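Quick notes on the structure that follows.
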Amino acid sequence: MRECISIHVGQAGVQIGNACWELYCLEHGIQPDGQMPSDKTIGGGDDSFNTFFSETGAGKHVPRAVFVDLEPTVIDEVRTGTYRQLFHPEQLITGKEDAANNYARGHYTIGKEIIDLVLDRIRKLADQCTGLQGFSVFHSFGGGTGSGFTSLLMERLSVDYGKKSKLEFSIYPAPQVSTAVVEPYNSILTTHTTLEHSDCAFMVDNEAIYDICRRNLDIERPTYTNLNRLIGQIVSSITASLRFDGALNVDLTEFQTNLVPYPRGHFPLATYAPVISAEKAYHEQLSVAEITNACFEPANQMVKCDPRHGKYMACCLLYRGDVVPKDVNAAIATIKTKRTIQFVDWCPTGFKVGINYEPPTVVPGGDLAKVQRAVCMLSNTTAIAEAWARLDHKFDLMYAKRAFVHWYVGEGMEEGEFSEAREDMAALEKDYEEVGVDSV
Amino acid sequence: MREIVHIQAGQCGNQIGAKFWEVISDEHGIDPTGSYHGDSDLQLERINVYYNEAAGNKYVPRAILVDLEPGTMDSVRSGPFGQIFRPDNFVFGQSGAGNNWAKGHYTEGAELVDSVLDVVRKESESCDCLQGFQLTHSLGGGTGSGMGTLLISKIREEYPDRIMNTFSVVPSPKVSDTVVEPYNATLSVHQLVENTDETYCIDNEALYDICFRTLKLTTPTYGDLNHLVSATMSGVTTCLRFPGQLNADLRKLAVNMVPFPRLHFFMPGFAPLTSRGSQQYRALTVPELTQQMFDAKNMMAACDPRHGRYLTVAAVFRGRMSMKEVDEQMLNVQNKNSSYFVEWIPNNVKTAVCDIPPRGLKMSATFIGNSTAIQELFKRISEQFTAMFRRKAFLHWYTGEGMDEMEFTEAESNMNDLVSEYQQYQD
Ligand SMILES: CC(=O)O[C@@]12CO[C@@H]1C[C@H](O)[C@@]1(C)C(=O)[C@H](O)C3=C(C)[C@@H](OC(=O)[C@H](O)[C@@H](NC(=O)OC(C)(C)C)c4ccccc4)C[C@@](O)([C@@H](OC(=O)c4ccccc4)[C@H]21)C3(C)C
Ligand SMILES: Nc1nc2c(ncn2[C@@H]2O[C@H](COP(=O)(O)OP(=O)(O)OP(=O)(O)O)[C@@H](O)[C@H]2O)c(=O)[nH]1
Ligand SMILES: Nc1nc2c(ncn2[C@@H]2O[C@H](COP(=O)(O)OP(=O)(O)O)[C@@H](O)[C@H]2O)c(=O)[nH]1
């Protein structure tokens, strides 16, 4: 009452919202669904007086809301030919500072200059209403506005709002990707969240999504415009669900503790087990509790985080729509019945389970099912422990090894931003590993 | 708002101007935006107010034009595709055009090289934030070769922040000049080390392979070669500029292809080369499009990249295809090309996609990159230089223009180590 505050960060982020904000399209909003009759663009809901941003209406009628664009590009979309969605004016930032890929750029450089005005927006935004219990950040692991800008925008937000754990989303590099910059680079963006602040984070592994689309759904041809829905939907579960009236409800402060097992920002995985085809025939309906397993399947797995490795840690599962109590208590048991899940040495009935209603929202053919039973696995497993290694083999050789910084220095600091980000994000690797490598 | 600076020099540059730009009332030209959304118009303008800012988008043609010998005046100004514009056009008043780097660069150009400051100023101002400096230019140009390096040098000097984009034309085993060995070598020390951020290649000896292999053309042409390049520029300049789901602004262009400071040079391709008739093969494919983006045969440059490893590969596809599809395909390139990938470097390939396929291809592919191969494009002009100009010397011609042992010796040694330093990667 327990609002979220929704921040975008970059290309990855302005769109991703389009996935978030479209997925909302059911009369909900960040933390205020306290209800609405409007529909559609919301046009038809009325105009009660007003002007830019709406006093007439609550976040409900119009959103939780804050897009940061360091290029008009994606933002022109969301602004684009009143792109079918006018979700408000003046919750967008569009900085024509000319975009910058660099953790250094935008974060140290153009961003500094317009992280403030934004801070101001956030602040005002952080004020109209009550209980904000959440900050959402869409982040990449590559996009200048997403690294330093986010290490900027997460850092200031952590510093300014220590009590409100931030949630941020991620879209991390894997085996394939964009740039050369992103092997390190996101490294840099990884330092910052970290101890700047942050809470639990989530990712969509772009190399996991297009994988799950090829192993679990159908359409190998697919556009990112579609991968956003896989990741878009992750959120709906996280916020729309826990943020809407139901049984066993985890708020954004449930998310922090259930994922967080120790304090070097932790990371999580998202599994959406309902993912049925337009071309499926789920055994008329897909078994509710199998849905749980769907989770563990390495296959729903958003990232290339081979669970193979190690013992999960924190496991937070959010079930929504027509789920049964005896489905959870009794299906969740089962997992902790295989060998494999190998929960950690200090996991104590690790599994956190929430139920939410209504149903699994959906729209359009690109959306798969109308599945009426959902699993969202948010976990902290040792794996993560290896994808950062991956980025760290890249980094020991891409940036530091022989250095790819001459662009980056150009925008700001040398010899840490880099050295510090490797050593601090490094031990992450060692410390992480030691979190789950012996009984001690 | 990432607006844009148009500088066109010499022959290859002014004429090349003719063919880049006309592919634009295709409408996006350089940073307005709009227009191009529901057809219409054409020519050398529209409906508003002039000057300048209607740039390369609605009512105006924005460019900075630099001709040094009234060849670009008459060749396009008049009867041809433009107006241009007035006031935006340089005609050197007979300077007499020069063959020789030192010559419009040190000589007539200085005088004009100053008059090119006024063009740059007015454009710069435009009320938009300029992110490109676009320059056509010619190895062996003197006007272009050594005037383009003058133009480039001040522009890096005054506009450090704004990485220069320069189109290049080169030496291939076939020739113009005889002084082009060394002419483009001096055009070099300045093209590395002269604020030119990234550097395009357009070898005319390689352009033919394309306009004649991929293409059938029965008898190419220098105007038809101007279809080729438009390709290589629109991807860079229009693409990513024009709308887009992962969009790369020009500056992504300078961190993606340079992995270090000395002037990283690239090679670039356009696939959708197609054959008029052959028109019928692979419905604008991606693999199609990936396929054609690496081959030894489809690169629109004078290096055959296969000898060696690329260091950076920037590819861009703007067909409306899967953002999953382009990225999934580019991997396959990377794994049958190891040795073509630089062991440092991960993510050896960047991919960008924009949202409108070139007017009438339906689906597009642009490519960028630096490999180890270029140790070539130069270990050829240098063998040339040491044995040519610097050799038993050919610069009396230039020796009057004002360069004395310098600009030769420095250009070989600085541009040389280029060869060693470049190689350094992956020996
Ligand atoms: C370029 C290209 O695709 O040239 C070729 C020659 O080999 C290339 C492969 C193409 O498949 C082919 C053969 C086409 O069939 C295609 O249907 C087509 C397109 C896409 C046009 O190109 C465009 O409309 C584009 O929008 C093109 N526009 C373009 O070239 O505009 C010019 C004004 C430069 C002509 C462009 C490309 C990339 C970015 C931006 C624009 C140019 C074409 O005339 C044609 O070129 C030829 O027949 C031909 C013959 C000799 C010289 C040049 C072209 C074109 C037509 C209309 C036929
Ligand atoms: N899954 C997914 N990935 C996306 C999407 N948009 C961007 N990305 C990923 O984000 C990464 C960076 O995207 P860019 O658009 O280059 O980021 P940016 O915001 O342009 O980067 P900067 O110019 O530095 O600010 C790439 O690896 C993309 O794959 C999207 O909607 N979905
Ligand atoms: N692609 C292309 N190359 C050209 C054109 N005109 C000349 N060239 C080539 O570029 C070289 C230099 O010519 P030009 O640009 O006139 O030289 P400059 O002006 O004296 O530097 C020649 O040897 C040609 O091979 C043109 O219109 N297009």
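Residues in the structure tokens are numbered from 1 in each chain, the chains being A, B, ... in the order shown, and ligands are numbered from 1 in the order shown.
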Looking only at the backbone, which of the residues in range 385-419 of chain A does DSSP tag as alpha helix (DSSP H), as a PyMOL selection string?
chain A and resi 385-398+419
Closest contacts (chain B/chain A, max 10 Å, only C-alpha atoms) as a tab-separated table:
```
residue	atom	partner	partner_atom	distance
B:1	CA	A:96	CA	6.1
B:2	CA	A:98	CA	6.3
B:3	CA	A:98	CA	9.4
B:128	CA	A:96	CA	9.0
B:129	CA	A:98	CA	7.5
B:130	CA	A:98	CA	8.7
B:131	CA	A:98	CA	7.5
B:161	CA	A:410	CA	9.1
B:240	CA	A:73	CA	8.7
B:241	CA	A:73	CA	8.3
B:242	CA	A:73	CA	8.6
B:243	CA	A:73	CA	6.4
B:244	CA	A:73	CA	7.0
B:245	CA	A:74	CA	7.6
B:246	CA	A:11	CA	7.0
B:247	CA	A:73	CA	7.6
B:248	CA	A:99	CA	8.7
B:249	CA	A:99	CA	6.8
B:250	CA	A:99	CA	9.0
B:251	CA	A:100	CA	6.9
B:252	CA	A:101	CA	6.4
B:253	CA	A:179	CA	9.8
B:254	CA	A:407	CA	8.0
B:255	CA	A:407	CA	6.1
B:256	CA	A:179	CA	6.2
B:257	CA	A:180	CA	8.9
B:258	CA	A:407	CA	8.5
B:259	CA	A:404	CA	5.5
B:260	CA	A:406	CA	6.0
B:261	CA	A:406	CA	6.7
B:312	CA	A:180	CA	7.5
B:313	CA	A:180	CA	8.8
B:314	CA	A:179	CA	8.0
B:320	CA	A:223	CA	9.1
B:321	CA	A:223	CA	6.9
B:322	CA	A:223	CA	3.7
B:323	CA	A:223	CA	4.2
B:324	CA	A:223	CA	4.9
B:325	CA	A:221	CA	5.3
B:326	CA	A:223	CA	8.9
B:327	CA	A:177	CA	7.2
B:328	CA	A:176	CA	7.8
B:330	CA	A:176	CA	8.9
B:331	CA	A:176	CA	7.0
B:343	CA	A:397	CA	8.7
B:344	CA	A:398	CA	6.1
B:345	CA	A:398	CA	5.6
B:346	CA	A:180	CA	5.8
B:347	CA	A:180	CA	4.5
B:348	CA	A:180	CA	6.0
B:349	CA	A:179	CA	6.7
B:350	CA	A:179	CA	4.5
B:351	CA	A:178	CA	5.8
B:352	CA	A:178	CA	7.9
```
For range 154-164 of chain A, please output as a short mmCIF file (atom, residue, chain, number, x, y, z; two decimals) with N, CA and C atoms, in the first residue's frame all residues within 6 Å (counting only C-alpha atoms; exclusion window: fewer than 4 positions along the same chain).
```
data_model
loop_
_atom_site.label_atom_id
_atom_site.label_comp_id
_atom_site.auth_asym_id
_atom_site.auth_seq_id
_atom_site.Cartn_x
_atom_site.Cartn_y
_atom_site.Cartn_z
N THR A 150 22.87 2.71 -14.13
CA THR A 150 22.17 1.92 -13.13
C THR A 150 22.99 1.81 -11.87
N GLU A 196 26.49 -0.96 -3.47
CA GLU A 196 25.78 0.30 -3.52
C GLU A 196 24.41 0.10 -2.92
N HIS A 197 24.00 -1.03 -2.96
CA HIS A 197 22.58 -1.31 -2.82
C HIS A 197 22.20 -2.11 -3.99
#
```
So that each row is one residue of chain B with an atom at most 6 Å from ligand 3, can you give its shortest atom pair and the distance in Å to one decimal, using only C-alpha atoms and all ligand atoms, rows by chain and rising number, as CSV?
```
residue,atom,partner,partner_atom_place_in_ligand_line,distance
B:10,CA,ligand 3,19 (O),3.7
B:11,CA,ligand 3,15 (O),3.5
B:12,CA,ligand 3,15 (O),3.6
B:15,CA,ligand 3,27 (O),4.6
B:16,CA,ligand 3,27 (O),5.5
B:99,CA,ligand 3,20 (O),5.1
B:138,CA,ligand 3,15 (O),4.9
B:140,CA,ligand 3,21 (O),4.9
B:141,CA,ligand 3,21 (O),1.3
B:142,CA,ligand 3,21 (O),4.2
B:143,CA,ligand 3,21 (O),4.8
B:144,CA,ligand 3,21 (O),4.3
B:145,CA,ligand 3,21 (O),5.2
B:176,CA,ligand 3,23 (O),3.5
B:177,CA,ligand 3,23 (O),5.9
B:204,CA,ligand 3,1 (N),5.8
B:222,CA,ligand 3,28 (N),5.7
```
Take the residues from that selection and write them out as a JSON list (two decimals), in the first residue's frame, keeping N, CA and C atoms.
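Generated output (out_21.json):
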```json
[["chain", "number", "residue", "atom", "x", "y", "z"],
["B", 10, "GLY", "N", 36.77, 15.85, -52.52],
["B", 10, "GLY", "CA", 37.46, 15.36, -53.69],
["B", 10, "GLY", "C", 36.50, 14.86, -54.74],
["B", 11, "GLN", "N", 36.97, 13.82, -55.41],
["B", 11, "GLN", "CA", 36.25, 13.21, -56.45],
["B", 11, "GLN", "C", 35.40, 12.11, -55.89],
["B", 12, "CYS", "N", 36.07, 11.17, -55.26],
["B", 12, "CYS", "CA", 35.42, 10.01, -54.70],
["B", 12, "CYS", "C", 34.40, 10.39, -53.64],
["B", 15, "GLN", "N", 31.49, 12.71, -55.59],
["B", 15, "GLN", "CA", 30.74, 11.87, -56.42],
["B", 15, "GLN", "C", 30.07, 10.80, -55.61],
["B", 16, "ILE", "N", 30.90, 10.30, -54.69],
["B", 16, "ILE", "CA", 30.36, 9.34, -53.76],
["B", 16, "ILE", "C", 29.20, 9.91, -52.98],
["B", 99, "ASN", "N", 46.80, 16.83, -57.50],
["B", 99, "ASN", "CA", 47.15, 15.53, -57.16],
["B", 99, "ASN", "C", 48.27, 15.73, -56.20],
["B", 138, "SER", "N", 39.58, 9.82, -50.52],
["B", 138, "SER", "CA", 40.26, 9.08, -51.55],
["B", 138, "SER", "C", 41.75, 8.99, -51.28],
["B", 140, "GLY", "N", 44.85, 8.72, -52.68],
["B", 140, "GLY", "CA", 45.34, 9.16, -53.97],
["B", 140, "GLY", "C", 44.49, 10.33, -54.46],
["B", 141, "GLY", "N", 43.92, 11.02, -53.53],
["B", 141, "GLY", "CA", 42.97, 12.09, -53.86],
["B", 141, "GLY", "C", 43.53, 13.34, -53.99],
["B", 142, "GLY", "N", 44.62, 13.86, -53.96],
["B", 142, "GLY", "CA", 45.29, 14.80, -53.17],
["B", 142, "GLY", "C", 44.27, 15.65, -52.45],
["B", 143, "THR", "N", 43.37, 16.25, -53.20],
["B", 143, "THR", "CA", 42.33, 17.09, -52.64],
["B", 143, "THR", "C", 41.63, 16.37, -51.50],
["B", 144, "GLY", "N", 41.25, 15.18, -51.74],
["B", 144, "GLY", "CA", 40.58, 14.38, -50.75],
["B", 144, "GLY", "C", 41.60, 13.85, -49.75],
["B", 145, "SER", "N", 42.89, 13.35, -50.40],
["B", 145, "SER", "CA", 43.85, 12.56, -49.62],
["B", 145, "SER", "C", 44.48, 13.40, -48.60],
["B", 176, "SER", "N", 45.42, 4.02, -59.55],
["B", 176, "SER", "CA", 45.22, 5.39, -60.00],
["B", 176, "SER", "C", 46.45, 6.16, -59.69],
["B", 177, "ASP", "N", 46.84, 7.07, -60.35],
["B", 177, "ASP", "CA", 47.85, 7.96, -59.90],
["B", 177, "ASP", "C", 49.23, 7.47, -60.34],
["B", 204, "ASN", "N", 38.15, 0.03, -54.63],
["B", 204, "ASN", "CA", 37.47, -0.07, -55.89],
["B", 204, "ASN", "C", 37.88, -1.33, -56.61],
["B", 222, "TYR", "N", 31.20, 3.17, -62.69],
["B", 222, "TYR", "CA", 31.45, 4.00, -61.62],
["B", 222, "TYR", "C", 30.04, 4.47, -61.19]]
```
Show me which residues sit within 8 Å of ligand 1 when counting only C-alpha atoms and all ligand atoms, and put them as a ChimeraX atom specification.
/B:19-20,22-24,26,211,215,217,220-221,223-228,230-235,270,272-277,279,357-362,364
Taking the DSSP assignment computed from this structure's backbone, write out as a list in words all residues of range 27-138 of chain A that belong to strand (DSSP E or B).
residues 67, 68, 69, 92, 93, 94, 135, 136, 137 and 138 of chain A
Nearest to residue 140 in chain A, chosen from A:238, A:58, A:260, A:9, with only C-alpha atoms counted in the distances:
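Looking at the shortest contact to residue 140 in chain A, the residue is A:9.
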Polymer residues at most 8 Å from residue 372 in chain B, only C-alpha atoms, same-chain spacing of 3 or more positions, as number ranges by chain
B: 305, 307-311, 375, 422-423, 425-426
Quick one: pull the distance between CA of residue 402 in chain B and CA of residue 187 in chain B, Å, one decimal.
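Taking CA of residue 402 in chain B as the start and CA of residue 187 in chain B as the end point, the length is 15.0 Å.
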Pick out the closest residue to residue 360 in chain A from this set: A:185, A:421, A:273, A:412. Count only C-alpha atoms.
A:273
If you count only C-alpha atoms, which residues fall within 12 Å of range 407-418 of chain B, apart from same-chain ones fewer than 5 positions away, as a ChimeraX atom specification?
/B:100-102,105-106,146,179,181-193,261-265,372,374-391,393-395,398-399,401-402,423-425
Interatomic distance, CA of residue 70 in chain A to atom 19 (O, counted along the ligand's line) of ligand 2 (Å, one decimal)
7.4 Å
